[PDB]
Amino acid sequence: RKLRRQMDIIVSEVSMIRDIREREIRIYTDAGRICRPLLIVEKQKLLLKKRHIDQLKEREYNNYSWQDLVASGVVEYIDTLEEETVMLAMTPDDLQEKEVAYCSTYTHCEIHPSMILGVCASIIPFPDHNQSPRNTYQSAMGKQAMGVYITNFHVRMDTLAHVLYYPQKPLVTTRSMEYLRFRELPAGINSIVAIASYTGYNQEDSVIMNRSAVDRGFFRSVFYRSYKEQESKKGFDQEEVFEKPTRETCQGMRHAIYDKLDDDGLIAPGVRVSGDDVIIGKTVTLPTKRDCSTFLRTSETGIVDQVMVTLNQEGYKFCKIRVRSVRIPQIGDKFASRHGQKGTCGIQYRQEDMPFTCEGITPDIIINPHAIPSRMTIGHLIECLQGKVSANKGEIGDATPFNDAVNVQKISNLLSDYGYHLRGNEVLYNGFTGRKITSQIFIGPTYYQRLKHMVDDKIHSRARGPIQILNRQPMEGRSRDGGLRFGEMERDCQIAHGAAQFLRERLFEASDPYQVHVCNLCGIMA
Amino acid sequence: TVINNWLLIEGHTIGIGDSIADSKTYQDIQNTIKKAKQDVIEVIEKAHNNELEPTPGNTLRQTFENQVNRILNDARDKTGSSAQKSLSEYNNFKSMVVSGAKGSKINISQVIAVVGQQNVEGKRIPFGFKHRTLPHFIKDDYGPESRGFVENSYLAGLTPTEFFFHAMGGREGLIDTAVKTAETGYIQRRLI
Amino acid sequence: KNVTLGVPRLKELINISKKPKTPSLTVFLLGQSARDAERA
Amino acid sequence: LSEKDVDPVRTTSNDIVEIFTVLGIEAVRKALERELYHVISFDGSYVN
Amino acid sequence: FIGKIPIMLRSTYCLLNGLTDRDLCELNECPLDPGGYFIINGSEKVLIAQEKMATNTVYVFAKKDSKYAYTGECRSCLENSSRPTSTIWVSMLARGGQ
Amino acid sequence: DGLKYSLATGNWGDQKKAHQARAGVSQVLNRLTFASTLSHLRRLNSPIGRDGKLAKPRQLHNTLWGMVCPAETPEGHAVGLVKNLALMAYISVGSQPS
Amino acid sequence: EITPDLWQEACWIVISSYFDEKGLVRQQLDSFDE
Amino acid sequence: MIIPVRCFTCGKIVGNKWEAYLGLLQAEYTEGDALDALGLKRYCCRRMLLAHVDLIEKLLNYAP
Amino acid sequence: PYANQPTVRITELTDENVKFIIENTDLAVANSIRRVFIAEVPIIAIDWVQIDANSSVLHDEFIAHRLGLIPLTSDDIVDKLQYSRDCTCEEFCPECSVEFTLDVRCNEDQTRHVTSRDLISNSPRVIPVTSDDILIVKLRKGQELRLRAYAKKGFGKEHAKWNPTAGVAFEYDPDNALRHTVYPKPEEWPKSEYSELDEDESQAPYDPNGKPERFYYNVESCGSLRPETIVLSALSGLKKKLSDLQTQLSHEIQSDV
Amino acid sequence: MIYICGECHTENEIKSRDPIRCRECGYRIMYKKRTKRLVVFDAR
Amino acid sequence: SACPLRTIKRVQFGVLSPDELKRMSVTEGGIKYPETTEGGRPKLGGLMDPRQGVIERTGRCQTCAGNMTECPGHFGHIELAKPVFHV
Amino acid sequence: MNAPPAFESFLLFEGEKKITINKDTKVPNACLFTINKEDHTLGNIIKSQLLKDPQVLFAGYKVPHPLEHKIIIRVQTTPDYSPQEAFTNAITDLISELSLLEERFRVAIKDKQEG
Amino acid sequence: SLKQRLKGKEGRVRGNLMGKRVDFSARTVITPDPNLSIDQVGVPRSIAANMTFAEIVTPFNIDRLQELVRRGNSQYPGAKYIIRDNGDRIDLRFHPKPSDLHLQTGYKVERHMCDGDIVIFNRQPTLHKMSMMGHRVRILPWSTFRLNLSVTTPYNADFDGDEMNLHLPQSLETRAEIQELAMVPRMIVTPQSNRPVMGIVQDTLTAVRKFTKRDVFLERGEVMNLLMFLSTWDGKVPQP
Ligand SMILES: [Mg+2]
Ligand SMILES: [Zn+2]
Ligand SMILES: [Zn+2]
Ligand SMILES: [Zn+2]
Ligand SMILES: [Zn+2]
Ligand SMILES: [Zn+2]
């Protein structure tokens, strides 16, 4: 242990385990062992001293760093096997202080318990106040939350990219976000959320959004979609070339207008493109020249953002075209808090219809009260209260999970100091009538996220559309009109209903109707 | 339609105030939890001194576990009842639970007084380490804190170990949800 | 005592097999043993 | 069942195969109904 | 020349090694980008860490279904060579046989 | 081509032996958000085979404290199989025992 | 010695130094470099 | 990316206060004091400046 | 069965907000007055953008949306200006729109702040309110933003950019005499700035015969219109809407009979 | 048909037959210049 | 639509007789040429026999004079010089 | 894609009646005024003014759907008073009140500015 | 081989014959709408325009179908195709000349889906009869299906991203079948447990509890405002 802590003959990652009962000493040096740093405790005292803390405070312009701690032997790496034999102290101020002797042989002390969390779980404020599956759900949602995925997103040309116009760093933040760089690239906006049952359009995990706020850019985004097309001269006489074809030169073409394309067969930037529009005009020489041009998604309606032409790894000319489409929030768009509170925008009300406080503050978002009880996401309410206090005080709130310095009573007193109800409640006035609402609504700033799931990308319909070759059954063509699968469960449901005619309609007439001539004498047709 | 429009006048919200409890209620809950800790300690002392006589049809370990579990369950139930009685008529948690719209008495108790014992496969937190639930406890520690009794309410905040134990408990619920989603569909398809 | 119930028990019932997960009997006493613990 | 002082009427088993091989197909029908009702009603749910 | 090895970005052998944030900006690379991935055919590929049982360790398990009362397995692999791992079992047979 | 094919397709092994080659080792980096990218780069994958069948890894073992995030895990068939490193968790790179 | 009132600042200074040195993706980088 | 022109909640002009806010912070004003000096009384408006991240400054570091 | 006799007492009047009290009025009338402050007070805002060159880091319709929210002085011009839909011109003209031109080229090393000061209008009466100035976009060396816009008459009911109020604080019965809101613990709630209660008292005694009256307003102006002009225009517009409804009602009654 | 070099930002005319490459820079990534056709944006 | 509409009240399963197969097949003499097209056009007696059905979408088979959608396809036959087992 | 033009919330398309009156056969002396491209702004104010009329037995208004822009106002009066007369009289009262408010607000502005 | 073609979950034995993709079907996210009846489903204008129902031309509806044909596919509501007695299909957008668009008895106009059309509305997985119920279409101005809050329980549906399938029956016989067997009001009571399957839900349930509390008193204006929302009101204000 002395050698490892001095880094003389034993490297830091080497793990030494003494099974005293089994009279064994196992020393492990192979890769793949998961280990974490822990402060060393000797004689119920940390080896980490104020001198070390000051040298770290002056981390730069003095060359002092974490490696110096490791070399000094104040903090050492422990793997799971060695951690079996370690006597951890959760905190030095409490567990190894002279008190009721629960244990006086502590060997290490946790640097900070919150370091047990991951990247996505570290952005949850007050996660120790939420029911754990909601922490898991927020961990899942944070990966789908919009924001600025990378600073140099303009140069990049990804197949799909979502960029929020006005990302904001949370008013209530965890200290781990400083190292996640969530402040530099936020994913979400602070919204004045009021937990009320206003008109019933926020029921069942639904949300009512402020139409005026949406008009003011609230939760607006870009959707960049990149299409890559390569021209390949592979084949004896089968060559592909970028060019705007003609309705007569090619073997066959389409009613779609090709006027958008340029002389090189590529659509210029800044041109609005909707469905049934050609962005890349390609022609493949027939073994005339068949039209091999490419179209867009019918639902998609954006502007050609950037058109680049280059040679791929194969040396063939190819073009990447980035189309930009602006996504404003609308009914059906999904927003989620940082506590597993996921819901769709049920309806959008103007600032007039939205309820207002005595100060004229209307909630940007209204969520149903019933979302809170069953989920037991008390962290959401605490985040709302702390965000209110932070907005009034001008200081970003701290929501580090295991912090005894911050609690609901202290936050309530701080809020009381700013002329507000200590529990975050406000007297709200009905927007339609102006009458005071009998119950006092809980309203405050909460950090919400716009998930990538937009109703625009999910809406699709099929009505007498294209069919495939053999089955003669529906298949999506030039759109999202591939139809819906009438599965065995739906068949059984209609059987139970007894709607024989409707079941027959959905399974034959709608799928692949067909008639054949058959001989009565011998059943085989001819 | 009618009750939704009357709700525009009446109003409904939920908040921190509905989660707070009277200081007297907090004192009563803390006293109950402390008494439960002392009772579990007494049971552990009897087991250590071999003064615990196993009940018929159960081993010594099963008898000790049953006694500890009943003690902790009684503590949880009593604390929840105390919190529910402390709740006022204006309490929104009480309004929703009484109306049956959402939530339950157990949810109110967990939010206000005590989350309660955490169980994996129907048993207290197992000794994943060598005779330890976590490296922060002494070996052969059968106390409520060691074996995963969350004495703090969601409002108060769970301590660092209790959060991990609660995550362990909820992982079982997530697994059950996935299993049910992938399982319950085909029994009907077999019967049909 | 633990007895298989729920979805797996229903699965066994519809998937009748010579070996259930938790085969068991419910034996009832008809004499003085029923009301007498010792004779039971 | 053949054991003395054991109620030959109320005594039963949770094994449908045993019920079939001992008491018969009608006993299987009844016992299967009882077990299926037990599993359905264990959680307080009701089915016609 | 014997071939080409894909290079993990921001590693010691990547062109963006030791470059200051200003140099990365001049190269049109986000300084906040952590690297740690490969660009294969222009697609950023990340190698997911694969979790596996340890080697060279004796593990004594018990299988109720099997005919062995106990089994001590050991997956032996050469020290940083001969990647294929040879596993040996030393089992004690069940007493069920009468 | 061997390295490039393995990293691109994700089938970890020779393209001729894709039947026994591990799949899902290499994945396209998720760039929806910076947090998503970081989580993907710090992701772990549990195995599926004899070891997993004998002992279910779909559970939060006590040993995961400080090593694996207890909350982060996908919902559905992958619950408990895909994990994420704790913030300060470090994986030993290996060295000679000489 | 680090007093309780200063422990919160001290521990997070240590964590900040740790993340300044190691980064959040030095696992992958070290494995590939090795 | 850039300071919004209007407060999302109430619509108050907030796009002309970012440079002044930064100037006050340089002049050593606390964040709350700087917001008060700028005249942002409602916490809805204060949120705009307090939670804003000016990514445009770094976006300008890339050559056009 | 007849109209109320409302009275107005203006407590504060500045260049940014007007504070007043309306007495002897119905709660419905007061709520409609504020709802028209926010909704049906017309102003002039940019609603047509044509970008010739935009090399900035913000995309074209980003710049368009940002321009649309810039408040333009419309004190006396909104009344004379017509609605583009109503006006007979070919989609635009001086009688129903105001032309704006922006042309900023960053040739210096220092970052160029494209503010509302760079917006130039052919009508000297209609100009950005700030002319610190609202920042449209920051430009890097070699980047240019060239565009021409038309700003047309509109009101908040169509788009929030035509809403002239930065905030409409509306209140009544500050002491809760009518009990229109029930405090579970009245002592816990701060007093309203208009409260007329002693510090020891939390709620005014219940008034069974009381009716909502003496409504307090604080209308804060974004700058497009003076705060007093907002109130006057709102009252005139609501009266005009009612008069038009009466005309249509008279026609309908004549048709019925 | 004007293309902007991705490296030196130089405009150059290119036909459908000649290879896509900067006239002086030699850089092989080209970007089409913005269309002269004017697109109208509603400032909403 | 000259023929009436009928429903399948029964489905008899049986092995096709060689004589019935030969007579039913529209490929008189069987299939003996393994070439789809003799000189770039459909050839009688080949695999892509025009009798068996429609070849190109803008075409109609010579047997039932039906387009691709209307024509149900007609069977061919191959004469095996030696009898062959059925697996 | 389905988003309606904002102006559709306050502009009448060709052939649309601003206000229509339908007699209510359920109860005597009752009418339903369906007003298009109007909202609570007029609904609530007109309803409140009507309620001040002692000859108006019933006065109510409703928006059938927030996404639509119609208000249905139900007015039932006494046998000697017509619902149409009540509606007209209520409007003539609101207009007078607003004109008086405008005059008094102008006077207040002048007084405040002067001193 | 042929055996491979037949066998398999994707084969014709079980993949095609048992289940197949279907036409006149749509899918999108579902959102709450308390203003719709339990038997009504809100439908986006785009979905309604894309989907059509073939109406047989009759002297009763000749003029209305002629007007729909004149409107055409361009502007909703309109028509997409005209089928003559010959059975041939004519594309209206391709042919806008009214000379050949004259209708007569025996024709069929594939008019766009309109208000009141019967549609089968489903949420997967389909576990019981109530997972597939009939609804009357109501055209609404956004891109989500709407659902009354009571019908969420039978569907086990939530408004947090759930998507639901809409199917449009194409003939009068199937329309009658759905209208008489699969409608929501008929399925109020489930034979599974002889109890109602849908009831009052979160906001309505809590608010009705509060409303029915003893000490709830409503003034005259509030009472009239509430009575405005009674579809079945007889018009008589009860004695207070
Ligand atoms: Mg859902
Ligand atoms: Zn025949
Ligand atoms: Zn504001
Ligand atoms: Zn004009
Ligand atoms: Zn160049
Ligand atoms: Zn044929």
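Located above this text is the structure these notes cover.
Residues numbered from 1 in each chain as written, not as in the entry; some residues may be left out. Chains lettered and ligands numbered in written order. Part of a larger assembly, values for the part shown. Heavy atoms only, no water.

> Just checking my understanding: could you explain the overall build of chain D for this structure?
Helix and strand content of chain D: two helices and one strand. Along chain D, helices (α) and strands (β) appear in the sequence β-α-α when read from the amino end. For chain D, the C-alpha atoms occupy an extent of roughly 40 × 25 × 15 Å along the three principal directions. Total accessible area on chain D is roughly 3,600 Å²; 56% of this is exposed by carbon and sulfur atoms. Put simply, chain D has 5 plus and 9 minus side-chain charges, and the middle of one group is 6 Å from the middle of the other. (Helix = DSSP H or I, 4+ residues; strand = E, 2+ residues; numbered from the N terminus. Areas by Shrake-Rupley, 256 points an atom, 1.4 Å probe, with all protein chains shown as cover. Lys, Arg positive; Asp, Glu negative; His and termini not counted. Charge placed at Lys NZ, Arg CZ, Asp CG, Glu CD.)

> It is not clear to me how the overall build of chain C should be interpreted in this structure. Could you clarify?
Looking only at helices and strands, chain C has two helices and one strand in total. Written out in order from the N terminus, the α and β elements of chain C read α-β-α. Taken over the C-alpha atoms alone, chain C extends approximately 40 × 20 × 10 Å along its principal axes. The buried share of chain C, reckoned over its 40 residues, is 18%. Surface accessibility of chain C: about 3,100 Å² in total, with carbon and sulfur atoms responsible for 52%. (Buried < 20%, exposed > 50% of the residue type's maximum accessible area, 1.4 Å probe, protein only.)

> I'm lost on the coordination of the zinc ion (ligand 4) in this one. Help?
In an ideal octahedron of six donors the angles at the metal are 90 or 180 degrees, and in an ideal tetrahedron of four donors they are 109.5 degrees. Residue and element names in this part refer to chain I. The coordination sphere of the zinc ion (ligand 4), as far as protein atoms go, consists of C87 (SG), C89 (SG), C93 (SG) and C96 (SG), spread over 2.2 to 2.3 Å. Coordination geometry of the zinc ion (ligand 4): the four donor atoms subtend angles of 105 to 121 degrees at the metal centre, consistent with an arrangement described as tetrahedral. Considered as a linear motif, the donors of the zinc ion (ligand 4) on their single chain read C-x1-C-x3-C-x2-C. Judged by relative accessible area, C93 falls into the buried class, the value being 15%. (Donors = N, O, S within 2.8 Å, 3.2 Å for Na, K, Ca; no water. Tetrahedral: all angles 85-135°; square planar, octahedral: opposite > 155°, others 65-115°.)

> Is there a simple way to explain the interface of chain J and chain I in this structure?
Often, the extent of an interface is quoted as the loss of accessible area on bringing the components together. Contact residues are listed per partner, giving eight residues for chain J and 17 residues for chain I. Between chain J and chain I, a total of about 1,100 Å² is buried, with carbon and sulfur atoms accounting for 49% of that surface. Between the two partners, chain J and chain I, sit three salt bridges. The salt bridge partner of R44 of chain J is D47 of chain I, with a shortest N-O separation of 3.0 Å. (Contact = heavy atoms within 4.5 Å. Buried area = accessible area lost by both parts, 1.4 Å probe. Salt bridge = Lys/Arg side-chain N within 4 Å of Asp/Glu carboxyl O.)

> What exactly am I supposed to notice about the pattern of salt bridges here?
Close approach of charged atoms lets side chains of opposite charge pair. Per the stated rule, a full pass over the model turns up 116 salt bridges over all chains. Of the charged contacts in the structure, one is a salt bridge between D60 of chain I and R34 of chain J, with a shortest N-O distance of 2.8 Å. Placement of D60 of chain I in helix α2 (residues 60–68) and of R34 of chain J in the loop between β3 (30–32) and β4 (40–41) is noted, with the two residues assigned to different chains. Here the salt bridges share partners, and the residues they tie into one network are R4, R5, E42, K43, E76 and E82 of chain A.

> Can you help me understand the environment of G80 of chain F in this one?
With respect to the helices, strands and loops of the structure, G80 of chain F is situated in the loop between α3 (50–54) and β3 (82–84). Along the chain, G80 of chain F and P57 of chain F lie 23 residues apart, while their C-alpha atoms are 6.5 Å from each other. Look past the residues within four positions of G80 of chain F in its chain and what remains in contact with it is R171 of chain B together with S46, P57, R58 and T73 of chain F.

> What is the right way to look at the nonpolar core in this model?
Proteins that are soluble and globular tend to have nonpolar side chains buried together. Among the nonpolar cores identified, the biggest contains 291 residues, and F20 of chain I together with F87 of chain L are the most heavily contacted of them. A per-element tally of this core places helix α2 (residues 83–114) of chain L first, with eleven residues. Here this core gathers at least three residues from each of two domains, domain 1 (1–42 + 161–257) and domain 2 (43–160) of chain I. When near neighbours in sequence (up to four residues on either side) are disregarded, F20 of chain I contacts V8, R9, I10, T11, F37, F215, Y216, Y217, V219 and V231 of chain I together with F105 of chain L. (Core = buried A, V, L, I, M, F, W, Y, C linked by side-chain atoms within 4.5 Å. Domains from an automatic or database assignment.)

> Teacher, can you tell me more about the interface of chain M and chain A here?
Chain M puts 69 residues into the contact, and the matching count from chain A is 64 residues. When chain M packs against chain A, close to 5,600 Å² is buried across both sides, 52% of that on carbon and sulfur atoms. By the criterion of area lost to chain A, the three top residues of chain M are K20, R21 and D203 of chain M, representing 14% of everything that side buries. The interface formed by chain M and chain A includes three salt bridges. When the shortest N-O distance is used, the salt bridge between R14 of chain M and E488 of chain A registers 3.5 Å. For the pair chain M and chain A, the interface holds 36 residue pairs in polar contact. Broken down by secondary-structure element, the contributors of at least two residues to the side of chain M that touches chain A are α2 (12–16), β1 (20–22), β2 (25–32), α3 (45–50), β8 (118–122), β11 (163–167), α6 (172–182) and α7 (202–212) of chain M. Considering each element in turn, the side of chain M that touches chain A owes the most residues, eight residues, to β2 of chain M. Of the residues that constitute the side of chain M that touches chain A, the class distribution is 29 nonpolar, 24 polar and 16 charged. (Polar contact = N/O pair within 3.5 Å; in protein donor to acceptor, adjacent residues only side chain to side chain. Nonpolar A, V, L, I, M, F, W, Y, C, P; charged D, E, K, R; others polar.)

> Please explain helix α1 (residues 2–10) of chain B as it appears in this structure.
Residue pairs three or four apart in sequence face the same way in an α-helix, which turns once every 3.6 residues. With respect to burial, α1 of chain B is a largely interior element, eight of its nine residues being buried. The complete set of buried residues in α1 of chain B reads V2, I3, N4, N5, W6, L7, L8 and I9 of chain B. Of the surrounding secondary structure, the elements contacted by the buried residues of α1 of chain B are α7 and α8 (220–227) of chain M.

> Looking at this model, I keep getting lost on the sheet that holds strand β2 (residues 43–45) of chain F. Mind explaining?
Backbone-to-backbone hydrogen bonds pair the strands of a sheet. The strands run either parallel or antiparallel. If you trace the three strands from one edge of the open sheet to the other, you get β3(E)-β2(F)-β3(F), paired in mixed fashion. Of all strands in the sheet, those bounded by a partner on one side alone are β3 (49–50) of chain E together with β3 of chain F. Pairing of β3 of chain E with β2 of chain F involves two bridges; the strand directions are parallel. Each residue of the ladder has a partner; that of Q50 of chain E, found in β2 of chain F, is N45 of chain F. (Pairing = 2+ DSSP bridges.)

> How do you make sense of the sheet that holds strand β3 (residues 56–62) of chain L when you look at a structure like this?
Residue and element names in this part refer to chain L. Across the sheet, which stays open at both edges, the four strands sit in the order β1-β2-β4-β3 with antiparallel pairing between neighbours. Where the open sheet ends on each side, the last strands, each with one partner, are β1 (19–23) and β3. Put simply, the sheet's adjacent strands are angled 15 degrees from each other on average, direction ignored. Pairing between β3 and strand β4 (residues 70–77): six bridges, direction antiparallel. (Axes fitted to C-alpha atoms, helices over the stretch in contact; angles between N-to-C directions.)

> Got a minute to help me understand the packing of aromatic side chains in this structure?
Aromatic rings considered in pairs are described by the distance between their centres and by the relative angle of their planes. On inspection of all chains with the given rule, the structure shows 51 aromatic pairs over all chains. Here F164 of chain B and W65 of chain F contribute two aromatic rings whose centre-to-centre distance is 5.4 Å and whose plane-to-plane angle is 65 degrees, an arrangement assigned as edge-to-face. You can see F164 of chain B sitting in helix α8 (residues 160–191) and its partner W65 of chain F sitting in the loop between α3 and β3, one on each of two chains. For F164 of chain B, a relative accessible area of 0% puts it in the buried group. Through a chain of ring-to-ring contacts, the aromatic side chains of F356 and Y429 of chain A, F20, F37, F170, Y172, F215 and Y217 of chain I together with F105 of chain L assemble into a single cluster. The ring of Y83 of chain I carries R85 of chain I above its face, with NZ or CZ at 4.0 Å from the centroid. (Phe/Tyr/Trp six-rings, centres within 6.5 Å; stacked < 30°, edge-to-face > 60°. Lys NZ or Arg CZ within 6 Å of the ring centre and 35° of its normal.)

> Which parts of the structure should I look at to understand the pairing of strand β7 (residues 135–139) of chain I?
Regular strands place their side chains on alternate faces of the sheet. Residue and element names in this part refer to chain I. Counting buried residues in β7 gives five out of five residues, a clear majority hidden from the surface. For strand β5 (residues 112–115) and β7, the ladder comprises four bridges, and the chain directions are antiparallel. Note that in β7 the partner of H113 across the bridge is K138.

> Help me out: how do you make sense of the packing of helix α13 (residues 488–497) of chain A against helix α14 (residues 500–509) of chain A in this one?
The relative placement of two packed helices comes down to the angle between their axes together with the axis-to-axis distance. All names here are of chain A. Across the interface, α13 lies against α14 with an axial gap of 9 Å and an inter-helix angle of 155 degrees. In terms of their interaxial angle, α13 and α14 are classed as roughly antiparallel. Residue-level contacts link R491, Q494 and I495 of α13 to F502, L503 and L507 of α14. Split by residue class, the contact of α13 with α14 holds four nonpolar, one polar and one charged. (Parallel < 35°, antiparallel > 145°, perpendicular 65-115°, else oblique.)

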